[PDB]
Every structure is written in structure tokens, then in C-alpha cells.
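Next comes model_35.cif, with mmCIF, C-alpha atoms.
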```
data_work
loop_
_atom_site.label_atom_id
_atom_site.label_comp_id
_atom_site.auth_asym_id
_atom_site.auth_seq_id
_atom_site.Cartn_x
_atom_site.Cartn_y
_atom_site.Cartn_z
CA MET A 1 53.87 -12.29 -23.18
CA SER A 2 52.41 -15.02 -25.41
CA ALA A 3 51.20 -18.35 -24.00
CA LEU A 4 54.15 -20.04 -25.76
CA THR A 5 57.70 -18.64 -25.52
CA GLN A 6 59.72 -20.96 -23.23
CA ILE A 7 60.96 -23.72 -25.56
CA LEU A 8 63.58 -26.45 -25.10
CA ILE A 9 65.59 -27.97 -27.96
CA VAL A 10 67.14 -31.43 -28.26
CA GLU A 11 69.56 -32.17 -31.09
CA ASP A 12 72.97 -33.74 -31.78
CA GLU A 13 73.70 -31.91 -35.07
CA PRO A 14 75.38 -28.49 -34.64
CA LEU A 15 73.45 -26.87 -37.50
CA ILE A 16 69.91 -27.93 -36.58
CA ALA A 17 70.54 -26.86 -32.98
CA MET A 18 71.79 -23.34 -33.80
CA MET A 19 69.10 -22.86 -36.47
CA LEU A 20 66.34 -23.63 -33.94
CA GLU A 21 67.88 -21.18 -31.43
CA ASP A 22 67.85 -18.46 -34.10
CA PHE A 23 64.21 -19.03 -35.10
CA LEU A 24 62.92 -18.77 -31.53
CA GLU A 25 64.66 -15.42 -30.95
CA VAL A 26 63.18 -13.84 -34.11
CA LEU A 27 59.69 -15.10 -33.16
CA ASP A 28 60.19 -13.17 -29.88
CA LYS A 29 60.40 -16.53 -28.05
CA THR A 30 63.12 -17.89 -25.75
CA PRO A 31 65.47 -20.87 -26.21
CA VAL A 32 65.52 -21.77 -22.49
CA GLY A 33 68.07 -24.55 -23.03
CA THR A 34 69.60 -27.16 -25.34
CA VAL A 35 70.81 -30.71 -24.65
CA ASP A 36 72.37 -33.64 -26.54
CA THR A 37 71.65 -36.49 -24.09
CA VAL A 38 68.32 -37.90 -22.89
CA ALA A 39 69.32 -37.83 -19.22
CA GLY A 40 69.90 -34.10 -19.74
CA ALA A 41 66.52 -33.82 -21.50
CA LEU A 42 64.75 -35.57 -18.60
CA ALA A 43 66.59 -33.20 -16.24
CA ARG A 44 65.44 -30.15 -18.26
CA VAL A 45 61.78 -31.17 -18.66
CA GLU A 46 61.57 -31.90 -14.91
CA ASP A 47 62.60 -28.28 -14.17
CA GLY A 48 59.16 -27.28 -15.54
CA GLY A 49 58.13 -23.78 -16.66
CA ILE A 50 58.64 -24.90 -20.29
CA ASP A 51 55.83 -24.22 -22.78
CA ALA A 52 56.97 -26.66 -25.51
CA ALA A 53 60.01 -28.68 -26.68
CA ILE A 54 61.72 -30.21 -29.74
CA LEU A 55 63.23 -33.72 -29.94
CA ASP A 56 65.32 -35.70 -32.45
CA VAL A 57 64.65 -39.41 -33.07
CA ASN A 58 68.15 -40.30 -31.79
CA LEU A 59 70.81 -38.51 -29.72
CA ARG A 60 74.58 -38.99 -29.36
CA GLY A 61 75.65 -42.58 -30.02
CA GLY A 62 72.54 -42.94 -32.24
CA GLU A 63 70.62 -44.40 -29.27
CA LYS A 64 66.80 -44.14 -29.36
CA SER A 65 65.36 -41.29 -27.27
CA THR A 66 61.62 -41.01 -26.54
CA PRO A 67 61.40 -41.12 -22.68
CA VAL A 68 60.85 -37.34 -22.74
CA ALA A 69 58.22 -37.00 -25.48
CA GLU A 70 56.19 -39.68 -23.69
CA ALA A 71 56.52 -37.44 -20.62
CA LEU A 72 55.45 -34.39 -22.68
CA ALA A 73 52.25 -36.29 -23.50
CA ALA A 74 51.74 -36.88 -19.75
CA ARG A 75 52.53 -33.21 -18.97
CA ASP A 76 50.18 -32.17 -21.83
CA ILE A 77 53.13 -30.11 -23.17
CA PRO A 78 53.19 -29.56 -26.98
CA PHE A 79 56.13 -31.17 -28.81
CA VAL A 80 57.89 -31.31 -32.20
CA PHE A 81 60.20 -34.00 -33.58
CA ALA A 82 63.45 -33.61 -35.52
CA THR A 83 64.77 -35.80 -38.35
CA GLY A 84 67.36 -35.83 -41.15
CA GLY A 85 68.53 -37.67 -44.29
CA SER A 86 68.72 -40.88 -42.20
CA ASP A 87 67.13 -39.87 -38.87
CA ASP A 88 63.68 -39.82 -40.52
CA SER A 89 63.04 -43.27 -38.97
CA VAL A 90 60.55 -41.56 -36.60
CA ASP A 91 58.05 -43.93 -34.96
CA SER A 92 54.50 -44.01 -36.40
CA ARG A 93 53.41 -43.18 -32.82
CA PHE A 94 54.49 -39.58 -33.55
CA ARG A 95 53.90 -39.30 -37.32
CA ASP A 96 50.52 -37.80 -36.33
CA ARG A 97 52.58 -34.92 -34.87
CA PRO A 98 54.80 -32.23 -36.47
CA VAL A 99 58.43 -32.90 -37.34
CA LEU A 100 61.23 -30.64 -38.54
CA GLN A 101 63.86 -32.20 -40.83
CA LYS A 102 66.40 -30.69 -43.27
CA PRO A 103 67.16 -26.93 -42.92
CA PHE A 104 63.98 -24.83 -42.85
CA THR A 105 62.67 -21.31 -43.55
CA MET A 106 60.94 -18.90 -41.16
CA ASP A 107 57.67 -20.36 -42.50
CA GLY A 108 58.86 -23.96 -42.05
CA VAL A 109 59.19 -23.63 -38.26
CA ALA A 110 55.97 -21.60 -38.16
CA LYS A 111 54.30 -24.62 -39.82
CA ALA A 112 55.40 -26.94 -37.00
CA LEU A 113 54.60 -24.41 -34.25
CA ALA A 114 51.10 -24.08 -35.76
CA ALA A 115 50.67 -27.87 -35.62
CA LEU A 116 51.13 -27.56 -31.84
CA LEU A 117 47.58 -26.12 -31.95
CA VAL A 118 46.40 -28.35 -34.82
#
```
What is this structure when it is put down as C-alpha cells?
Amino acid sequence: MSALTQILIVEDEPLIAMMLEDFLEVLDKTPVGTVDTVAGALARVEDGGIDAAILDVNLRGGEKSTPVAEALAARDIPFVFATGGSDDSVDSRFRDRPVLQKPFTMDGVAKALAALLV
């Protein structure tokens, strides 16, 4: 198998969550789990065995959520952010890193997954 197939997703919108699960399966990867709270994201990242993960700027209740992506930097795990028509308030501390936003094509997610190496 490839060096990158186990991927976690973190979203609070139904569409962006199911679209990311579909794109991993067609890339022969594996959506190993999905969560909508940061305590669930900290519980999933601690399980280990994950190759990369995706994270929205805010979860349910609109509360800020970066305790995991700071942990992905400590675990040297690659990461992508997620934004929207009003969730694009991503911190400049991660604007040097890839971010998915509005609905995307097969090439749009491949662009972010390539930035995990670039």
C-alpha cells in the first residue's frame, strides 16, 4: 500500500464530510474516521496509525478548534484545513498550509494532498 492511505476527517457540515469520504475511497485511500467535536478529534489522533488528517477552522457551536493540528505538527503528521463562505477565517499560522473550502473536484483534493509533500 501507499505511504498515505489512513486519513481522518473533521467537519461539522454534512456535505463537506461526505464529499471527503468519497474522494478518499476513489483515491484507493481509507476514511478511518470522522468527528464533529475536538475532544473526539483529540481521541482519534491519539489512537495513532493515521497518515494524515483534515480539520475545519471551527466545529459544532462555532468554537475554535486547533488543539489537534498543533498536535499534528508535533507528531509530524501532514494536515489540511477546511473552510467555507464564512469559515475562511483560518489563522495566518496555517495559511502556509493547504486548505479545502467550497465543494471541490477530484483534482481539487489532489491539489491539497500534493501540498502535504510541498
If you count all atoms listed in the file, the residue of A:25, A:58, A:32, A:116 closest to residue 44 (chain A) turns out to be A:32
Region 5-9 of chain A environment, 12 Å, all atoms listed in the file, sequence neighbours closer than 5 positions dropped, as an MDAnalysis selection string: chainID A and resid 14 16:38 40:56 59 68:69 72 77:82 100 113
Using only C-alpha atoms, the shortest atom-to-atom distance to residue 15 (chain A) among A:86, A:101, A:2, A:66 belongs to A:101
If you measure from CA of residue 105 (chain A) to CA of residue 90 (chain A), what distance in Å do you get, rounded to one decimal?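 Straight-line distance from CA of residue 105 (chain A) to CA of residue 90 (chain A) works out to 21.5 Å.
Interatomic distance, CA of residue 114 (chain A) against CA of residue 62 (chain A): 28.8 Å.
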Output as lines of an AutoDock Vina configuration file the centre and edge lengths (Å, one decimal) of the box along x, y and z of the file that holds every listed atom of region 95-110 of chain A after adding 8 Å on each side.
```
center_x = 58.8
center_y = -29.1
center_z = -39.2
size_x = 32.6
size_y = 36.4
size_z = 24.7
```
In Å and to one decimal, CA of residue 76 (chain A) is distant from CA of residue 118 (chain A) by 14.1 Å
Kindly output region 36-61 of chain A as an mmCIF file, keeping the file's coordinate frame, after building N, CA, C and O atoms.
```cif
data_model
loop_
_atom_site.group_PDB
_atom_site.id
_atom_site.type_symbol
_atom_site.label_atom_id
_atom_site.label_comp_id
_atom_site.auth_asym_id
_atom_site.auth_seq_id
_atom_site.Cartn_x
_atom_site.Cartn_y
_atom_site.Cartn_z
ATOM 1 N N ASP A 36 72.014 -32.623 -25.553
ATOM 2 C CA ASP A 36 72.370 -33.640 -26.540
ATOM 3 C C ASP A 36 72.328 -35.060 -25.964
ATOM 4 O O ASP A 36 72.693 -36.016 -26.648
ATOM 5 N N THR A 37 71.878 -35.196 -24.714
ATOM 6 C CA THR A 37 71.650 -36.490 -24.090
ATOM 7 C C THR A 37 70.277 -36.560 -23.423
ATOM 8 O O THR A 37 69.764 -35.544 -22.956
ATOM 9 N N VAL A 38 69.684 -37.754 -23.380
ATOM 10 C CA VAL A 38 68.320 -37.900 -22.890
ATOM 11 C C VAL A 38 68.208 -37.762 -21.378
ATOM 12 O O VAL A 38 67.152 -37.403 -20.864
ATOM 13 N N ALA A 39 69.294 -38.046 -20.654
ATOM 14 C CA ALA A 39 69.320 -37.830 -19.220
ATOM 15 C C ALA A 39 69.353 -36.335 -18.922
ATOM 16 O O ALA A 39 68.886 -35.900 -17.871
ATOM 17 N N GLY A 40 69.902 -35.543 -19.851
ATOM 18 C CA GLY A 40 69.900 -34.100 -19.740
ATOM 19 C C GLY A 40 68.538 -33.534 -20.151
ATOM 20 O O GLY A 40 68.124 -32.485 -19.663
ATOM 21 N N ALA A 41 67.839 -34.234 -21.049
ATOM 22 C CA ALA A 41 66.520 -33.820 -21.500
ATOM 23 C C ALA A 41 65.475 -34.116 -20.429
ATOM 24 O O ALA A 41 64.534 -33.347 -20.257
ATOM 25 N N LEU A 42 65.642 -35.229 -19.706
ATOM 26 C CA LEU A 42 64.750 -35.570 -18.600
ATOM 27 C C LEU A 42 65.004 -34.626 -17.436
ATOM 28 O O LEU A 42 64.092 -34.344 -16.660
ATOM 29 N N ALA A 43 66.237 -34.130 -17.306
ATOM 30 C CA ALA A 43 66.590 -33.200 -16.240
ATOM 31 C C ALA A 43 66.067 -31.796 -16.552
ATOM 32 O O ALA A 43 65.788 -31.023 -15.635
ATOM 33 N N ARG A 44 65.933 -31.457 -17.842
ATOM 34 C CA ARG A 44 65.440 -30.150 -18.260
ATOM 35 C C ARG A 44 63.917 -30.082 -18.225
ATOM 36 O O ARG A 44 63.357 -29.072 -17.804
ATOM 37 N N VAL A 45 63.241 -31.146 -18.663
ATOM 38 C CA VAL A 45 61.780 -31.170 -18.660
ATOM 39 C C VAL A 45 61.227 -31.216 -17.238
ATOM 40 O O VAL A 45 60.119 -30.743 -16.991
ATOM 41 N N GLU A 46 61.992 -31.785 -16.299
ATOM 42 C CA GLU A 46 61.570 -31.900 -14.910
ATOM 43 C C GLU A 46 61.667 -30.542 -14.200
ATOM 44 O O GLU A 46 61.057 -30.349 -13.152
ATOM 45 N N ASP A 47 62.433 -29.604 -14.765
ATOM 46 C CA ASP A 47 62.600 -28.280 -14.170
ATOM 47 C C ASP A 47 61.283 -27.507 -14.329
ATOM 48 O O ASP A 47 61.013 -26.576 -13.573
ATOM 49 N N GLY A 48 60.461 -27.897 -15.309
ATOM 50 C CA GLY A 48 59.160 -27.280 -15.540
ATOM 51 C C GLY A 48 59.299 -25.855 -16.065
ATOM 52 O O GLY A 48 60.403 -25.391 -16.358
ATOM 53 N N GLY A 49 58.167 -25.157 -16.183
ATOM 54 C CA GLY A 49 58.130 -23.780 -16.660
ATOM 55 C C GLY A 49 58.301 -23.700 -18.175
ATOM 56 O O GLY A 49 58.260 -22.605 -18.744
ATOM 57 N N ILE A 50 58.486 -24.846 -18.839
ATOM 58 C CA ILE A 50 58.640 -24.900 -20.290
ATOM 59 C C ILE A 50 57.270 -24.984 -20.956
ATOM 60 O O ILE A 50 56.378 -25.671 -20.463
ATOM 61 N N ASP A 51 57.104 -24.284 -22.080
ATOM 62 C CA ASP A 51 55.830 -24.220 -22.780
ATOM 63 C C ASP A 51 55.749 -25.260 -23.897
ATOM 64 O O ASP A 51 54.655 -25.710 -24.237
ATOM 65 N N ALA A 52 56.898 -25.642 -24.470
ATOM 66 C CA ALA A 52 56.970 -26.660 -25.510
ATOM 67 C C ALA A 52 58.424 -27.125 -25.681
ATOM 68 O O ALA A 52 59.336 -26.524 -25.115
ATOM 69 N N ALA A 53 58.654 -28.190 -26.454
ATOM 70 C CA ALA A 53 60.010 -28.680 -26.680
ATOM 71 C C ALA A 53 60.152 -29.352 -28.043
ATOM 72 O O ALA A 53 59.157 -29.667 -28.693
ATOM 73 N N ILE A 54 61.400 -29.567 -28.471
ATOM 74 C CA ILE A 54 61.720 -30.210 -29.740
ATOM 75 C C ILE A 54 62.671 -31.378 -29.486
ATOM 76 O O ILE A 54 63.532 -31.282 -28.615
ATOM 77 N N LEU A 55 62.523 -32.477 -30.236
ATOM 78 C CA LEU A 55 63.230 -33.720 -29.940
ATOM 79 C C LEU A 55 63.588 -34.502 -31.198
ATOM 80 O O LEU A 55 62.719 -34.827 -32.001
ATOM 81 N N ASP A 56 64.873 -34.813 -31.376
ATOM 82 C CA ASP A 56 65.320 -35.700 -32.450
ATOM 83 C C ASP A 56 65.082 -37.176 -32.152
ATOM 84 O O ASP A 56 65.000 -37.575 -30.989
ATOM 85 N N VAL A 57 64.970 -37.992 -33.207
ATOM 86 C CA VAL A 57 64.650 -39.410 -33.070
ATOM 87 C C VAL A 57 65.780 -40.174 -32.362
ATOM 88 O O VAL A 57 65.522 -41.189 -31.713
ATOM 89 N N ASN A 58 67.019 -39.695 -32.476
ATOM 90 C CA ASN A 58 68.150 -40.300 -31.790
ATOM 91 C C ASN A 58 69.167 -39.232 -31.399
ATOM 92 O O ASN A 58 69.346 -38.250 -32.117
ATOM 93 N N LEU A 59 69.827 -39.440 -30.258
ATOM 94 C CA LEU A 59 70.810 -38.510 -29.720
ATOM 95 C C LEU A 59 72.207 -39.083 -29.925
ATOM 96 O O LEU A 59 72.378 -40.020 -30.704
ATOM 97 N N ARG A 60 73.208 -38.530 -29.232
ATOM 98 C CA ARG A 60 74.580 -38.990 -29.360
ATOM 99 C C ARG A 60 74.676 -40.497 -29.177
ATOM 100 O O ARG A 60 74.006 -41.072 -28.322
ATOM 101 N N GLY A 61 75.514 -41.134 -29.997
ATOM 102 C CA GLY A 61 75.650 -42.580 -30.020
ATOM 103 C C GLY A 61 74.555 -43.244 -30.864
ATOM 104 O O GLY A 61 74.566 -44.462 -31.041
#
```
